[PDB]
Number of protein chains: 2
Amino acid sequence: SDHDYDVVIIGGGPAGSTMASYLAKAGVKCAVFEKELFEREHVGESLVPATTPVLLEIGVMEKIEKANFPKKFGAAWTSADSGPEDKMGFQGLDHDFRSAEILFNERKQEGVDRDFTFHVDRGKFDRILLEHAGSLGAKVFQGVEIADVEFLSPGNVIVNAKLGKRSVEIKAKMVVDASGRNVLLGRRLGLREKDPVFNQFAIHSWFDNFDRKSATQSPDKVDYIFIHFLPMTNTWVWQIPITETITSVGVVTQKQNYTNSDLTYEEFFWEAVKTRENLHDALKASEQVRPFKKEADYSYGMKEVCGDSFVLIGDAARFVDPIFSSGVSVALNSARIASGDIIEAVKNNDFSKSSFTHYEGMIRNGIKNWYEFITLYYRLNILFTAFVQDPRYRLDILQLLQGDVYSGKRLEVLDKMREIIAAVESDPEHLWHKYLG
Amino acid sequence: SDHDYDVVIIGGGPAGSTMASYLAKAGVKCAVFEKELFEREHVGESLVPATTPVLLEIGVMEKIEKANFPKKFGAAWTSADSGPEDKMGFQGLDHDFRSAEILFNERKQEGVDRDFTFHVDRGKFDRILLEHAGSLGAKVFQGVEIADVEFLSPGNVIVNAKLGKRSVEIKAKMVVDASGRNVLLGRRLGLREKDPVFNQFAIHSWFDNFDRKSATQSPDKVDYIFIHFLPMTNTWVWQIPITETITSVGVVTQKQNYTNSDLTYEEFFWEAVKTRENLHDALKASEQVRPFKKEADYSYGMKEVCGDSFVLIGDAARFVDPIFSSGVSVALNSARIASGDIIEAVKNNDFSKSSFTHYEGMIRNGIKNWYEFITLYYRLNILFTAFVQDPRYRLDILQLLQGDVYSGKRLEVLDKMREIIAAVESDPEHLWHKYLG
Ligand SMILES: Cc1cc2nc3c(=O)[nH]c(=O)nc-3n(C[C@H](O)[C@H](O)[C@H](O)COP(=O)(O)OP(=O)(O)OC[C@H]3O[C@@H](n4cnc5c(N)ncnc54)[C@H](O)[C@@H]3O)c2cc1C
Ligand SMILES: Cc1cc2nc3c(=O)[nH]c(=O)nc-3n(C[C@H](O)[C@H](O)[C@H](O)COP(=O)(O)OP(=O)(O)OC[C@H]3O[C@@H](n4cnc5c(N)ncnc54)[C@H](O)[C@@H]3O)c2cc1C
Ligand SMILES: [Cl-]
Ligand SMILES: [Cl-]
Ligand SMILES: [Cl-]
Ligand SMILES: [Cl-]
């Protein structure tokens, strides 16, 4: 019916590759346009187990397993500052806000058939996923950037694909914005809404032969994600395995802390890192295999995540902050849910907003909990570990850390978090008070 | 000067990736068009050391070393039929045509700084090379097939690039045909000349946990290329390491032997392989990780390997037969030499045949020796091992097996081979006679 494709995916990352796999697997004729030549370096390494049902559902899990990514059986938090001595009657703290751990297997998660998910080289990871989408029948273009999308009619779109400085017109019944922090349709259509509260900022690189025992004694916990709290305001470091020897390490903080630093990005990394001697010395002993990258300006909302002949997924739709290592999960799950709506949209031949309403509701609520949970971490700071460790909140907290964010249940935790916040907020005498953020 | 690129490379294999690396490294604005999404399966695994000077010269060697390809320190030939007992005064045969070996380090090769080259997964190999070409500045398109090249004027060409069924016009001062056995410009311009003498044919796949000690006792020789002669006319099997566990195994023979077999490709493999019990049982014990592939119709010449605003390289220019595992070497060296001419062609702004004359002469002579050497192997059959093992011819033979085929020296070996051929040819009494092909 003079359309080149039913669907045209913009961007070939996790959000794009997955959407393409869900469509080609369901018989829909789609295409992915990736502007970069893969493999391409990308921050965002530590997966969360809500990825695996999707990875399984699309048929790519064993190809991913053959990549031999370091397994992520769980997640840790450490702080040089053990907290207040009182502990406000919190049932279990084995080290007084100093250390906290959690195994992903401690809660059963529908779809998960595993004790572990992966920490990935995001270059390798994304190639394998796009290759896979390719192998399922999806047409994939690399080195071909999408300049703009012409919105002619409901169920009728043209896409401006460029090859350097040479345009090509691609007719489609719709587009999928699976762009990154780039955000093609959010900028073009003016949907992008920069976050008012969040002004966080990240600096990271890779570190070879980085002794992961710098973070813990036990060899069972060596390949967990470690989130090292730093004494600076709203500051923490990630430690993520990439290979057996290579670790990815990034500081995250308020830009206000960096810009007042009067330092280059490299120097700020070491200076913030030097506030925790074990981390610093392990990093100094290890080998930088990559120059330091900045990641900034990444906290943004989106006025509309769907429309007539368009839907936004993954980072093209939203990003908050990388604490809980959940963004790739959202990429795959926003790609899963929006595909369910798209597969029916081509069947019904009905690409107006109404056909994508189920995705809109599902994602917005999935962003809400994800968003709220990130805010309350920064509000609690090191006091977050009291909730992680306490049985009354532990597996309710694990639910979120696992990425089970889509269901429409409230998640009573997030109010119980809010109450104990408000109890301390109110009272500046409160012993927990100076540890807040 | 309203050209999108100085050069447009057709195809993103070893020949294409390399050309692109040589051009981008020398400041020339080029582009590679690969029709497939990488990684993509490709036969042609065992490299020959004439690749390494090029791999080094383009700056990709360490990226290749990080791929951890099995090292190829040398090459072996085995036959269940030990030959005639006479040995016609050949100075050294340690097993009577039964076994022969050679180490690549036994002759010094200019550019080689190594005792070994690699056996590669050609999927991985080609991605790393095209990525590399990318990183040097070359623009790379994947999923974009080149339909045809319009030859307007010397130094002025248009290329028809398609995206499914959607054309795009790309202006260029010239094109490089780095296509495969596909052969775009050879078919379009009618340069393709199917080989009259060679009608060889190959069937192969991968085999996991394939005990490489089936071929030899010693653990030093376990990862050599092994060429197992079979009793059938012009028949031999390759054994090439791909990983620590995976081996690539292919039978090569006259199609006449297959077509008279009355068997499917799978069945012929096992039947020809069963003529050598150690090989068969090691293969039967191992795990097929891939279905069997046919490779046929690959012996072809080319009327013209260069022209006004065009040059053919690698398999787009020629292929003979895969005995000496030398085709990827030709891909890289034809890409090296033709780049030397192209780099000057853009400098001089002169893209007529005359500017590529140095490549034409160099390749044609490099094909000649490569071609002759392949013919005399098939003529000698198992008697080839007498030349491999004898000091008088050993390192002169190694020169060819190493891929030092470009120089314009005659290579006295190939006549000395021819004489001893003609001595046996003439006389059907001759003891060596029934072992010829
Ligand atoms: C500092 C930091 C740390 C993080 N840490 C983690 C972590 O530990 N764990 C985790 O799960 N997540 C993490 N994230 C989030 C994660 O990186 C993203 O959520 C994830 O990459 C989203 O995938 P995506 O496909 O939606 O977007 P991307 O992965 O960014 O993919 C977008 C793709 O679209 C392409 N593209 C863009 N524009 C165009 C165009 N016009 N035409 C064609 N192609 C285009 C891009 O080249 C890119 O390949 C982190 C983020 C930051 C900033
Ligand atoms: C049975 C067999 C065994 C072999 N064994 C060996 C061995 O052991 N060792 C060895 O060194 N060599 C071997 N070879 C030879 C080797 O495979 C080739 O010589 C080598 O692949 C040549 O590289 P190339 O880039 O010139 O062509 P290719 O590697 O074939 O690359 C060509 C590329 O161009 C692309 N292309 C084609 N048409 C178009 C178009 N219109 N637009 C855009 N892109 C296009 C293709 O998709 C492909 O990616 C063997 C060959 C055969 C048949
Ligand atoms: Cl410490
Ligand atoms: Cl995240
Ligand atoms: Cl045998
Ligand atoms: Cl070859």
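Please read every residue number as a count from 1 along the shown chain.
The deposited model was determined using X-ray crystallography, 2.8 Å.
Including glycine, each Cβ sits where the backbone N, Cα and C put it.
Lifted from Swiss-Prot, the feature list:
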type: BINDING; residues: B:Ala15, B:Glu34, B:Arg40, B:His42, B:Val43, B:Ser46, B:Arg122, B:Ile146, B:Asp315, B:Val328; note: FAD binding site
type: BINDING; residues: B:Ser326, B:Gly327; note: chloride binding site
What is the separation, in Å, between the Cα atoms of B:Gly327 (chloride binding site) and B:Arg40 (FAD binding site)? 18
Near ligand 1 by the Cβ criterion (under 6 Å), the binding-site residues from B:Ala15, B:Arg40, B:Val43, B:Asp315, B:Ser326 are none
Using CB atoms and a 10 A radius, I'd like the single residue among the binding-site residues B:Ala15, B:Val43 with the highest neighbour count. B:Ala15
Sorry to bug you, but what's the C-alpha spacing from B:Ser326 (chloride binding site) to B:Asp315 (FAD binding site), rounded to the closest Å? 11
Where ligand 6 binds, which of the binding-site residues B:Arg122, B:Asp315, B:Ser326, B:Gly327 are close by, with Cβ under 6 Å? B:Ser326, B:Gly327
When you tally the Cβ atoms that lie within 10 Å of each candidate's Cβ, which of the binding-site residues (B:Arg40, B:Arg122) has the highest tally? B:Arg122
Rounded to the nearest Å - Cα separation of B:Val43 (FAD binding site) and B:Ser326 (chloride binding site): 13
Assigned element (helix, strand, coil) containing B:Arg122 (FAD binding site), judged by DSSP: helix
For B:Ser326 (chloride binding site), what is the secondary structure state per DSSP, taken as helix, strand or coil? coil
For FAD, whose listed binding residues are B:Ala15, B:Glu34, B:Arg40, B:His42, B:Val43, B:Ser46, B:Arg122, B:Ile146, B:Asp315, B:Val328, the greatest C-alpha pairwise distance in Å: 28
